[PDB]
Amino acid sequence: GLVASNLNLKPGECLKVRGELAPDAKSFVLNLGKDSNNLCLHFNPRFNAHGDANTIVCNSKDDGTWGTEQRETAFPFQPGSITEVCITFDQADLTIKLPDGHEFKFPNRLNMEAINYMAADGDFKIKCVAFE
């Protein structure tokens, strides 16, 4: 999966990620934080994996150890198609904005004020990445 560092997202900025889901997508990932072991956001929508179907699982990682899981019922994704996710942030929390219109929030537990790391994983092939 594609890894990008140094991208310094400051509060208020919007990171748009666009890509295509594999035809038999089981799940894909999007990690944001300071480094691979310090993620303020772990965006793991699961079509079918770990005992979960059509459910988005969010979390944070501190020095390698996971935090409390927060699950979202909304799931506007389909295998073998192209989608995008818009993510914004501030001291409060991050705001994930799904392609189907609605968005939900996830608390900025690690309390960081600058995303610098990003990593995609799973059955998701990135085609575009914008910083608006």
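A residue's number is simply how far along the shown sequence it sits, counting from 1.
Averaged over CA atoms, B-factors in the entry run higher in 75-83 than in the other of 75-83 and 28-36. Of the two stretches examined, 50-58 and 37-45, the record assigns the greater average C-alpha temperature factor to 50-58. The deposited CA B-factor of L2 belongs to the lowest third of values across its chain. In the deposited entry, the Cα temperature factor of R109 places it in the middle third of its chain's modelled residues. Annotation for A22: C-alpha temperature factor in the highest third relative to the rest of the modelled chain, per the entry. When the CA B factors of the chain's modelled residues are split into thirds, the value for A119 lands in the lowest one. The entry lists a Cα temperature factor for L15 that places it in the lowest third of the chain's modelled residues.
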